[PDB]
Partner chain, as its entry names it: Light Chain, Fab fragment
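Starting off, we have a lone chain in the form deposited without its partner chain, written out as structure tokens.
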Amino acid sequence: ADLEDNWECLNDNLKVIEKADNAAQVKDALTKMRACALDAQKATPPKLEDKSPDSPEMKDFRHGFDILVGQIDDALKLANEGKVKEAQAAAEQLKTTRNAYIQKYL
């Protein structure tokens, strides 16, 4: 229920998407990613407990999640049109956002 759990939820569902055979499986996993991303967005990461809630780093942290959620939405749109492989490729790129925006605060 904490950050770390929500982060590993992103990792597990990225694996679900990588291994998926159909669009419905990709949609389910992207749904879980989005829910976990929203919960993570509300946490205070271990690099920033001393900082003010409105600090530039905390801004960075939460905006990494707004960016991530928007990209999850873009992948969901692909999956909702049945474009499985396109949705899987979009999900791979979610890793680049996750790594560049959020990892440095964990």
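Numbering follows the first chain given and starts at 1.
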Using only the Cα atoms and their B-factors as the entry lists them, report which of 69-77 and 43-51 averages higher.
43-51
Avg C-alpha B-factor, entry values, 11-19 vs 85-93, higher side is 85-93
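One more form of this protein should be noted, the form deposited with its partner chain bound, which is absent from this view; the next part is about it.
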Within 66-81, the residues having any heavy atom within 4.5 Å of its partner chain in the entry with it bound are 73, 76, 77, 80
